[PDB]
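Source file structure_35.cif; content: mmCIF, C-alpha atoms and all ligand atoms.
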```
data_input
loop_
_atom_site.label_atom_id
_atom_site.label_comp_id
_atom_site.auth_asym_id
_atom_site.auth_seq_id
_atom_site.Cartn_x
_atom_site.Cartn_y
_atom_site.Cartn_z
CA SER A 1 0.00 0.00 0.00
CA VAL A 2 1.09 3.55 -0.90
CA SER A 3 0.00 6.63 1.00
CA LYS A 4 -0.53 10.14 -0.33
CA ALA A 5 1.73 13.09 0.38
CA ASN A 6 0.45 16.23 2.03
CA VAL A 7 1.05 18.90 -0.59
CA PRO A 8 -0.57 22.16 0.56
CA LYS A 9 -1.95 24.68 -1.92
CA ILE A 10 -0.43 28.08 -1.06
CA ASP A 11 -1.87 31.30 -2.48
CA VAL A 12 1.37 33.06 -3.43
CA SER A 13 -0.27 36.22 -4.78
CA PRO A 14 0.75 38.36 -1.76
CA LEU A 15 4.38 37.81 -2.77
CA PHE A 16 3.77 40.06 -5.79
CA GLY A 17 2.39 42.91 -3.63
CA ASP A 18 3.25 45.27 -0.77
CA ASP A 19 1.27 43.87 2.17
CA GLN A 20 4.19 42.79 4.33
CA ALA A 21 2.17 40.87 6.95
CA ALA A 22 0.36 38.95 4.19
CA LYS A 23 3.75 38.07 2.73
CA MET A 24 4.81 36.78 6.14
CA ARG A 25 1.73 34.54 6.27
CA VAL A 26 2.72 33.09 2.88
CA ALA A 27 6.26 32.65 4.15
CA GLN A 28 4.98 30.69 7.16
CA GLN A 29 3.16 28.30 4.82
CA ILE A 30 6.31 27.88 2.71
CA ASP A 31 8.33 27.17 5.87
CA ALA A 32 5.83 24.57 7.06
CA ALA A 33 5.77 22.79 3.68
CA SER A 34 9.55 22.94 3.39
CA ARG A 35 9.96 21.32 6.82
CA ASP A 36 7.34 18.63 6.13
CA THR A 37 7.19 16.70 2.85
CA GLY A 38 9.08 19.42 1.00
CA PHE A 39 6.47 20.28 -1.62
CA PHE A 40 3.66 22.77 -2.11
CA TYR A 41 1.45 23.88 -4.98
CA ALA A 42 1.71 27.57 -5.75
CA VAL A 43 -1.74 28.87 -6.67
CA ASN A 44 -2.88 32.30 -7.85
CA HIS A 45 0.46 32.51 -9.69
CA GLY A 46 -0.81 34.59 -12.65
CA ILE A 47 0.68 32.45 -15.45
CA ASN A 48 -1.51 31.14 -18.28
CA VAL A 49 -0.63 27.49 -17.95
CA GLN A 50 -3.32 26.43 -20.42
CA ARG A 51 -1.45 28.32 -23.15
CA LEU A 52 1.86 26.85 -21.96
CA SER A 53 0.43 23.36 -22.29
CA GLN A 54 -1.19 24.04 -25.68
CA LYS A 55 1.90 25.58 -27.28
CA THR A 56 4.14 22.84 -25.86
CA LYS A 57 1.88 20.11 -27.23
CA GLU A 58 1.78 21.78 -30.65
CA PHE A 59 5.60 21.73 -30.74
CA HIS A 60 6.07 18.18 -29.43
CA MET A 61 3.47 16.79 -31.82
CA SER A 62 4.70 18.54 -34.96
CA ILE A 63 8.51 18.38 -34.73
CA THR A 64 9.95 15.86 -37.22
CA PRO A 65 12.87 13.41 -36.85
CA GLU A 66 14.94 15.63 -39.17
CA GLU A 67 14.35 18.65 -36.93
CA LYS A 68 15.23 16.63 -33.83
CA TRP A 69 18.62 15.65 -35.24
CA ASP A 70 19.18 19.29 -36.26
CA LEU A 71 18.50 20.45 -32.67
CA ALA A 72 19.99 17.45 -30.85
CA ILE A 73 22.29 17.80 -27.89
CA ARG A 74 25.80 16.35 -28.10
CA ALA A 75 24.66 13.10 -26.42
CA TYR A 76 22.66 12.34 -29.59
CA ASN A 77 24.62 14.23 -32.26
CA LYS A 78 28.42 14.37 -32.23
CA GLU A 79 28.38 17.40 -34.53
CA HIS A 80 26.96 19.56 -31.72
CA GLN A 81 29.81 19.62 -29.21
CA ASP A 82 28.68 22.94 -27.74
CA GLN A 83 25.25 21.54 -26.77
CA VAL A 84 25.59 19.96 -23.33
CA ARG A 85 22.36 21.53 -21.97
CA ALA A 86 20.26 23.26 -24.63
CA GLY A 87 18.54 21.46 -27.47
CA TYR A 88 16.55 18.33 -28.22
CA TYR A 89 16.79 15.11 -26.16
CA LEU A 90 15.62 12.32 -28.45
CA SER A 91 13.49 9.30 -27.67
CA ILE A 92 14.71 5.89 -28.80
CA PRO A 93 11.69 3.83 -29.93
CA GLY A 94 11.82 0.41 -28.28
CA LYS A 95 14.17 1.61 -25.56
CA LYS A 96 13.48 5.14 -24.30
CA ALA A 97 10.05 6.76 -24.26
CA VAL A 98 10.81 10.23 -22.89
CA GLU A 99 11.96 13.08 -25.11
CA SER A 100 12.40 16.75 -24.33
CA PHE A 101 13.59 20.19 -25.40
CA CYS A 102 15.74 22.32 -23.07
CA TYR A 103 16.46 26.03 -23.35
CA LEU A 104 18.42 28.51 -21.24
CA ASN A 105 18.50 32.25 -20.60
CA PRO A 106 17.65 34.00 -23.91
CA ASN A 107 20.22 36.67 -22.97
CA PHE A 108 22.98 34.13 -23.67
CA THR A 109 23.95 35.29 -27.15
CA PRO A 110 27.37 35.54 -28.87
CA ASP A 111 27.67 39.04 -27.37
CA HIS A 112 27.42 37.75 -23.81
CA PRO A 113 30.77 37.73 -21.95
CA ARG A 114 30.15 34.24 -20.52
CA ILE A 115 29.69 32.93 -24.07
CA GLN A 116 32.79 34.86 -25.22
CA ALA A 117 34.76 33.37 -22.28
CA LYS A 118 33.39 29.87 -23.00
CA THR A 119 32.41 29.41 -19.36
CA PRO A 120 30.91 25.94 -18.69
CA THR A 121 27.11 25.69 -18.36
CA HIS A 122 26.49 28.77 -20.58
CA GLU A 123 25.20 28.05 -24.08
CA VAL A 124 23.34 29.85 -26.85
CA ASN A 125 19.87 28.35 -27.32
CA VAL A 126 19.00 26.46 -30.51
CA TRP A 127 15.55 26.81 -32.08
CA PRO A 128 13.59 25.17 -34.89
CA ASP A 129 12.79 27.04 -38.08
CA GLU A 130 10.29 29.82 -37.39
CA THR A 131 8.23 29.13 -40.51
CA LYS A 132 7.92 25.44 -39.53
CA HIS A 133 7.05 26.27 -35.89
CA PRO A 134 5.37 29.70 -36.06
CA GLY A 135 5.32 31.48 -32.75
CA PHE A 136 7.16 28.75 -30.84
CA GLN A 137 10.39 30.59 -30.02
CA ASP A 138 8.46 33.76 -29.12
CA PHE A 139 6.14 31.79 -26.84
CA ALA A 140 9.04 29.92 -25.24
CA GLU A 141 11.11 33.04 -24.55
CA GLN A 142 8.15 34.92 -23.08
CA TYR A 143 7.38 31.87 -20.92
CA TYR A 144 10.97 31.92 -19.58
CA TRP A 145 10.41 35.47 -18.39
CA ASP A 146 6.86 34.81 -17.10
CA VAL A 147 8.11 31.91 -14.95
CA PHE A 148 11.21 33.93 -14.02
CA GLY A 149 8.87 36.55 -12.51
CA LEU A 150 6.89 33.95 -10.58
CA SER A 151 10.12 32.36 -9.32
CA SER A 152 11.49 35.73 -8.14
CA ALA A 153 8.37 36.19 -6.01
CA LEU A 154 8.62 32.62 -4.67
CA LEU A 155 12.25 33.33 -3.68
CA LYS A 156 11.03 36.31 -1.64
CA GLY A 157 8.73 33.91 0.20
CA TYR A 158 11.58 31.47 0.89
CA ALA A 159 13.82 34.27 2.14
CA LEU A 160 11.13 35.56 4.52
CA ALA A 161 10.42 31.98 5.65
CA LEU A 162 14.06 31.59 6.75
CA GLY A 163 14.06 34.86 8.72
CA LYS A 164 15.91 36.86 6.06
CA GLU A 165 15.14 40.05 4.16
CA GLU A 166 13.02 39.32 1.09
CA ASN A 167 15.83 39.81 -1.45
CA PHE A 168 18.24 37.33 0.20
CA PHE A 169 17.91 34.80 -2.66
CA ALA A 170 16.32 36.94 -5.38
CA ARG A 171 19.23 39.40 -5.46
CA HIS A 172 21.28 36.57 -7.04
CA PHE A 173 18.54 35.68 -9.58
CA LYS A 174 18.95 38.11 -12.46
CA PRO A 175 18.08 38.19 -16.17
CA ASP A 176 21.58 39.08 -17.24
CA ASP A 177 23.30 35.98 -15.81
CA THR A 178 20.80 33.35 -14.58
CA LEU A 179 21.66 29.74 -15.37
CA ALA A 180 17.95 28.82 -15.02
CA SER A 181 16.51 26.43 -17.61
CA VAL A 182 13.14 25.36 -18.97
CA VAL A 183 12.66 21.74 -20.05
CA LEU A 184 9.65 20.78 -22.16
CA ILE A 185 9.31 17.04 -21.46
CA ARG A 186 7.01 14.70 -23.39
CA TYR A 187 6.10 11.38 -21.80
CA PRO A 188 4.22 9.47 -24.51
CA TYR A 189 1.43 6.97 -24.61
CA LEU A 190 2.83 3.82 -26.26
CA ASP A 191 1.02 0.64 -27.24
CA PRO A 192 2.76 -1.62 -26.61
CA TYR A 193 4.97 0.16 -24.08
CA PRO A 194 8.45 -1.39 -24.26
CA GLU A 195 9.65 -2.86 -20.98
CA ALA A 196 13.15 -1.62 -21.80
CA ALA A 197 11.88 1.93 -21.12
CA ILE A 198 10.64 0.93 -17.64
CA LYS A 199 12.86 0.72 -14.57
CA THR A 200 12.06 -1.29 -11.44
CA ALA A 201 12.65 0.32 -8.04
CA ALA A 202 14.04 -1.56 -5.06
CA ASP A 203 10.51 -1.59 -3.59
CA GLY A 204 9.13 -3.11 -6.83
CA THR A 205 7.52 0.02 -8.27
CA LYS A 206 7.74 0.50 -12.04
CA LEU A 207 9.38 3.84 -12.81
CA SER A 208 10.20 6.14 -15.69
CA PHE A 209 12.84 8.09 -13.71
CA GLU A 210 14.62 7.04 -10.51
CA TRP A 211 15.00 8.82 -7.17
CA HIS A 212 17.08 11.99 -7.17
CA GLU A 213 17.46 15.34 -5.52
CA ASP A 214 16.86 18.33 -7.77
CA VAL A 215 19.86 20.30 -9.03
CA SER A 216 18.45 23.78 -8.36
CA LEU A 217 17.89 26.43 -5.74
CA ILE A 218 14.17 25.75 -6.17
CA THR A 219 12.22 23.94 -8.88
CA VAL A 220 8.99 25.36 -10.37
CA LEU A 221 7.16 22.58 -12.15
CA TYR A 222 4.05 22.39 -14.30
CA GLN A 223 2.66 18.96 -15.15
CA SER A 224 -0.42 17.85 -17.00
CA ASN A 225 -3.18 16.01 -15.13
CA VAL A 226 -1.68 12.53 -14.85
CA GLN A 227 -0.46 11.41 -11.43
CA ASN A 228 3.13 10.17 -11.52
CA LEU A 229 5.38 11.74 -8.89
CA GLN A 230 6.22 10.18 -5.52
CA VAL A 231 8.19 11.76 -2.67
CA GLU A 232 10.38 9.73 -0.34
CA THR A 233 9.53 9.93 3.35
CA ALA A 234 10.95 7.91 6.22
CA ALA A 235 7.86 5.68 6.04
CA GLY A 236 8.21 5.16 2.31
CA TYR A 237 7.28 6.75 -0.96
CA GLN A 238 4.08 8.80 -1.05
CA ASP A 239 2.09 9.78 -4.13
CA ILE A 240 1.99 13.45 -5.04
CA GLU A 241 -1.44 14.22 -6.46
CA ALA A 242 -1.53 16.03 -9.77
CA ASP A 243 -2.84 19.57 -10.27
CA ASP A 244 -2.64 20.95 -13.81
CA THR A 245 -3.72 24.44 -12.70
CA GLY A 246 -0.82 25.15 -10.34
CA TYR A 247 2.93 24.83 -10.02
CA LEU A 248 4.57 22.19 -7.85
CA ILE A 249 7.41 23.86 -5.92
CA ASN A 250 10.28 22.33 -3.97
CA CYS A 251 13.80 23.12 -2.87
CA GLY A 252 16.85 21.80 -4.68
CA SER A 253 20.10 20.63 -3.19
CA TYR A 254 21.68 24.10 -3.28
CA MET A 255 19.02 25.26 -0.81
CA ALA A 256 19.72 22.23 1.35
CA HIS A 257 23.40 23.07 1.30
CA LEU A 258 23.00 26.69 2.30
CA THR A 259 20.45 26.01 5.07
CA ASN A 260 22.51 23.18 6.62
CA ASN A 261 19.71 20.81 5.54
CA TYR A 262 17.05 22.76 7.46
CA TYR A 263 15.15 22.92 4.16
CA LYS A 264 16.03 19.50 2.73
CA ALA A 265 15.98 18.84 -0.97
CA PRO A 266 13.16 16.28 -1.19
CA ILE A 267 13.79 13.08 -3.06
CA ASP A 268 11.20 12.19 -5.69
CA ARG A 269 10.84 9.73 -8.51
CA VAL A 270 8.60 9.32 -11.55
CA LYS A 271 6.28 6.31 -11.68
CA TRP A 272 5.72 4.64 -15.00
CA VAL A 273 2.26 5.49 -16.33
CA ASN A 274 1.18 4.62 -19.88
CA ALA A 275 -0.40 7.99 -20.67
CA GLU A 276 0.44 10.94 -22.92
CA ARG A 277 1.51 13.78 -20.64
CA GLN A 278 3.75 16.78 -20.10
CA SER A 279 6.36 17.65 -17.49
CA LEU A 280 7.59 21.22 -17.79
CA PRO A 281 10.12 22.18 -15.09
CA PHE A 282 11.78 25.54 -14.60
CA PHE A 283 15.01 25.09 -12.65
CA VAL A 284 15.74 28.19 -10.61
CA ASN A 285 19.53 28.50 -10.90
CA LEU A 286 21.60 31.53 -9.93
CA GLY A 287 24.58 33.06 -11.73
CA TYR A 288 27.84 31.20 -12.36
CA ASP A 289 29.67 33.11 -9.62
CA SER A 290 26.77 33.40 -7.16
CA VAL A 291 27.73 32.43 -3.60
CA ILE A 292 25.25 32.39 -0.73
CA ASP A 293 26.88 32.20 2.70
CA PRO A 294 25.49 29.10 4.47
CA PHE A 295 23.59 29.47 7.73
CA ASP A 296 21.76 27.25 10.20
CA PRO A 297 18.35 28.59 11.28
CA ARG A 298 18.32 26.08 14.12
CA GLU A 299 21.28 27.67 15.86
CA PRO A 300 20.67 30.84 17.92
CA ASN A 301 23.62 32.52 16.17
CA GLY A 302 22.67 31.00 12.79
CA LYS A 303 26.25 29.80 12.36
CA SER A 304 27.13 27.01 9.92
CA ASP A 305 30.55 25.52 9.25
CA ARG A 306 29.52 24.48 5.72
CA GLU A 307 31.73 25.96 3.06
CA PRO A 308 30.33 28.58 0.69
CA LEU A 309 29.73 26.96 -2.70
CA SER A 310 29.83 28.75 -6.03
CA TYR A 311 26.62 28.13 -7.97
CA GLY A 312 28.41 27.44 -11.26
CA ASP A 313 30.53 24.65 -9.80
CA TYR A 314 27.48 23.23 -8.04
CA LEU A 315 25.49 23.18 -11.27
CA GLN A 316 28.26 21.78 -13.49
CA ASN A 317 28.95 18.94 -11.06
CA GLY A 318 25.31 18.34 -10.27
CA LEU A 319 24.12 17.96 -13.86
CA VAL A 320 26.97 15.57 -14.66
CA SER A 321 26.35 13.46 -11.57
CA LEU A 322 22.61 13.28 -12.26
CA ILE A 323 23.27 11.92 -15.77
CA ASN A 324 25.78 9.43 -14.36
CA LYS A 325 23.39 8.21 -11.66
CA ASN A 326 20.01 8.33 -13.39
CA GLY A 327 20.93 8.11 -17.09
CA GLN A 328 21.07 10.45 -20.04
CA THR A 329 17.55 11.81 -20.56
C1 LIG A 401 9.35 16.34 -12.87
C2 LIG A 401 10.78 15.85 -12.97
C3 LIG A 401 10.95 14.56 -12.19
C4 LIG A 401 11.23 15.66 -14.44
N1 LIG A 401 12.64 15.33 -14.42
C5 LIG A 401 13.61 16.24 -14.55
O1 LIG A 401 13.43 17.37 -15.00
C6 LIG A 401 14.99 15.82 -14.07
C7 LIG A 401 14.89 15.57 -12.57
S1 LIG A 401 14.70 17.09 -11.62
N2 LIG A 401 15.93 16.90 -14.33
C8 LIG A 401 16.97 16.74 -15.14
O2 LIG A 401 17.16 15.72 -15.79
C9 LIG A 401 17.92 17.91 -15.21
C10 LIG A 401 17.81 18.66 -16.52
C11 LIG A 401 18.72 19.87 -16.52
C12 LIG A 401 18.66 20.60 -17.87
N3 LIG A 401 18.98 19.71 -19.01
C13 LIG A 401 19.63 21.75 -17.82
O3 LIG A 401 20.61 21.79 -18.52
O4 LIG A 401 19.31 22.66 -16.95
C14 LIG A 401 10.42 14.56 -15.12
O5 LIG A 401 9.24 14.70 -15.36
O6 LIG A 401 11.09 13.46 -15.38
FE FE A 402 12.83 15.98 -7.95
#
```

What does the file become when written as structure tokens?
Ligand SMILES: CC(C)[C@@H](NC(=O)[C@H](CS)NC(=O)CCC[C@H](N)C(=O)O)C(=O)O
Ligand SMILES: [Fe+3]
Amino acid sequence: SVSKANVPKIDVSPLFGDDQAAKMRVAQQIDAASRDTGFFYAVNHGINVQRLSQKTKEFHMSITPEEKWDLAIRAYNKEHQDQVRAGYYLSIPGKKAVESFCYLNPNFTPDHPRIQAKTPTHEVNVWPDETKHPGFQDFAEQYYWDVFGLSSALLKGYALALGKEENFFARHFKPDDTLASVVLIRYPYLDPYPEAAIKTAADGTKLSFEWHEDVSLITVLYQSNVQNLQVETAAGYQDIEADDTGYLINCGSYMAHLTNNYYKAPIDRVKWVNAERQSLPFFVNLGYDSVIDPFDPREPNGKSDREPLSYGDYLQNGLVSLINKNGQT
């Protein structure tokens, strides 16, 4: 038997406004969720998620094999050695069901000094032909900034929750340097569904993606209305119920580092479900040189002996290790 996770719905709208006590009441709810199962649904977030889902489906269902090779990351196309993050992540019929498209900060262009300096984790996005995918790039770039704005407000809530001033995290989250990414993931319906694309957990559960901690400060996730996620608790995995109107929020392992594990990065996994669905995460990453001084809210002096960690090193190592442990997606 599998129980169900408590995932509170938090009205985050005060985080966009100037009612400081209302913001504190949101922060309390974020604190409580972060200390419990680690997840909450952000509601009243102001993003048109119906349009996000519609435009994403139109892209996934119209892109051709030729276009996927043309956009493929280096793991699938040796000609594209600069594409470690951004681009298309191909399915392998018979073996791998999932496929996805990842893009980064649209401000990463050839003019950007991090591109000029060839700093790891910075890449120029690749896009399909506009005439073949009318409106897609424009939608996707505007979405990046829409979800950036939501995430900046959520980071104010997390800062207040931890007893800090509201800009404690958000001051490091900036359009000119953020390493944040959007991933547009398609999980297909397949008949028959090949067993090679299905993993078996230690507890027997059939999975599409194994347990992991998120590589992020926080993760801001939209999913279509098909239940699939489970969060690890001490008493076992618990089902996270779906909600295609809201965003599922949780802390990543950078938050766990800087709070001395006071806000843990929850472990989740993806159950296998034979259903056509979407998983559209926004990974809230800081700048390459961002360093937040660690602290311990449990200690009266807030002191932590954990070393400050540069976000760029954290991200480079984390993305590599996640591929090594859980496979190339
Ligand atoms: C909802 C999640 C479990 C989703 N999985 C994911 O997004 C998994 C686990 S957090 N994330 C990743 O693989 C990291 C992608 C990082 C991205 N290419 C980048 O360069 O920034 C899924 O639906 O599988
Ligand atoms: Fe996760």

| task | For residue 233 (chain A), work out the shell of residues within 12 Å, counting all atoms listed in the file and skipping chain neighbours fewer than 2 positions away, then give it as a PyMOL selection string. | result | chain A and resi 2-6+35-39+211+230-231+235-240+264-269

| said: At a cut-off of 6 Å and counting only C-alpha atoms and all ligand atoms, what residues surround ligand LIG 401 (chain A)? Please answer as a list in words. | reply: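 Counting only C-alpha atoms and all ligand atoms, the residues within 6 Å of ligand LIG 401 (chain A) come out as residues 85, 102, 181, 209, 214, 270, 279 and 281 of chain A.
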
| task | May I ask which of the residues A:262, A:283, A:41, A:193 is the closest one to residue 248 (chain A), counting only C-alpha atoms? | result | A:41

| query | Separation of CA of residue 219 (chain A) and CA of residue 7 (chain A), in Å? | reply |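 Atom-to-atom, CA of residue 219 (chain A) to CA of residue 7 (chain A), that is 14.8 Å.
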
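With only C-alpha atoms and all ligand atoms as the basis for measurement, A:249 is the residue among A:42, A:63, A:196, A:249 that approaches ligand FE 402 (chain A) most closely.
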
| task | Identify which of the residues A:47, A:251, A:202, A:126 lies closest to residue 222 (chain A), counting all atoms listed in the file when measuring atom-to-atom distances. | result |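 Result for the nearest residue to residue 222 (chain A): A:47.
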
Residue 271 (chain A): which residues within 8 Å, counting only C-alpha atoms, same-chain residues fewer than 3 positions away excluded, as a tab-separated table (two decimals) with C-alpha atoms, in the coordinates of the input?
```tsv
chain	number	residue	atom	x	y	z
A	205	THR	CA	7.52	0.02	-8.27
A	206	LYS	CA	7.74	0.50	-12.04
A	207	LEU	CA	9.38	3.84	-12.81
A	208	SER	CA	10.20	6.14	-15.69
A	209	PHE	CA	12.84	8.09	-13.71
A	228	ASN	CA	3.13	10.17	-11.52
A	229	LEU	CA	5.38	11.74	-8.89
A	230	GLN	CA	6.22	10.18	-5.52
```

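Distance annotation: of A:241, A:289, A:67, A:31, the residue with the minimal separation from residue 133 (chain A) is A:67; atom set is all atoms listed in the file.
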
| Selected residue, from A:166, A:62, A:142, A:70, that lies nearest to residue 20 (chain A) when counting all atoms listed in the file |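 Residue with the minimum atom-to-atom distance to residue 20 (chain A): A:166.
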
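Residue nearest ligand FE 402 (chain A), chosen from A:286, A:242, A:256, A:218 and counting all atoms listed in the file: A:218.
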
Take region 94-117 of chain A, bring it up to N, CA and C atoms, and give me the output as a compact mmCIF listing (two decimals), keeping the file's coordinate frame.
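Wrote out.txt, looks like this:
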```txt
# COMPACT_ATOMS: atom_id res chain seq x y z
N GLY A 94 11.45 1.74 -28.74
CA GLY A 94 11.82 0.41 -28.28
C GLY A 94 12.63 0.43 -27.01
N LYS A 95 13.21 1.56 -26.65
CA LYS A 95 14.17 1.61 -25.56
C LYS A 95 13.92 2.75 -24.60
N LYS A 96 13.58 3.94 -25.11
CA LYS A 96 13.48 5.14 -24.30
C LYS A 96 12.26 5.91 -24.77
N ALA A 97 11.28 6.09 -23.88
CA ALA A 97 10.05 6.76 -24.26
C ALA A 97 10.16 8.27 -24.19
N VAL A 98 10.82 8.79 -23.15
CA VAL A 98 10.81 10.23 -22.89
C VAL A 98 11.63 10.97 -23.95
N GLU A 99 11.18 12.18 -24.28
CA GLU A 99 11.96 13.08 -25.11
C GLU A 99 11.67 14.49 -24.62
N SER A 100 12.57 15.43 -24.92
CA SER A 100 12.40 16.75 -24.33
C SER A 100 13.19 17.79 -25.12
N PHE A 101 12.88 19.05 -24.83
CA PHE A 101 13.59 20.19 -25.40
C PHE A 101 13.97 21.12 -24.26
N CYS A 102 15.25 21.46 -24.15
CA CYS A 102 15.74 22.32 -23.07
C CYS A 102 16.25 23.64 -23.63
N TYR A 103 15.87 24.74 -22.98
CA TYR A 103 16.46 26.03 -23.35
C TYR A 103 16.83 26.80 -22.08
N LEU A 104 17.78 27.71 -22.27
CA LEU A 104 18.42 28.51 -21.24
C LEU A 104 18.03 29.98 -21.39
N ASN A 105 18.68 30.80 -20.57
CA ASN A 105 18.50 32.25 -20.60
C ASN A 105 18.60 32.78 -22.03
N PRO A 106 17.55 33.40 -22.56
CA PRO A 106 17.65 34.00 -23.91
C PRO A 106 18.69 35.10 -24.01
N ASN A 107 19.18 35.64 -22.90
CA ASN A 107 20.22 36.67 -22.97
C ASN A 107 21.60 36.08 -23.25
N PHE A 108 21.72 34.77 -23.27
CA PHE A 108 22.98 34.13 -23.67
C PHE A 108 23.05 34.16 -25.19
N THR A 109 23.76 35.13 -25.71
CA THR A 109 23.95 35.29 -27.15
C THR A 109 25.46 35.32 -27.38
N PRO A 110 25.93 35.36 -28.64
CA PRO A 110 27.37 35.54 -28.87
C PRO A 110 27.96 36.80 -28.28
N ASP A 111 27.14 37.82 -27.97
CA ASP A 111 27.67 39.04 -27.37
C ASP A 111 27.94 38.88 -25.88
N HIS A 112 27.37 37.85 -25.26
CA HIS A 112 27.42 37.75 -23.81
C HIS A 112 28.82 37.36 -23.36
N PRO A 113 29.39 38.03 -22.36
CA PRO A 113 30.77 37.73 -21.95
C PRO A 113 30.98 36.30 -21.48
N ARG A 114 29.96 35.62 -20.94
CA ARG A 114 30.15 34.24 -20.52
C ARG A 114 30.24 33.31 -21.72
N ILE A 115 29.54 33.65 -22.81
CA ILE A 115 29.69 32.93 -24.07
C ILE A 115 31.07 33.22 -24.69
N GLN A 116 31.46 34.50 -24.72
CA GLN A 116 32.79 34.86 -25.22
C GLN A 116 33.90 34.14 -24.45
N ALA A 117 33.75 34.02 -23.12
CA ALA A 117 34.76 33.37 -22.28
C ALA A 117 34.64 31.86 -22.28
```
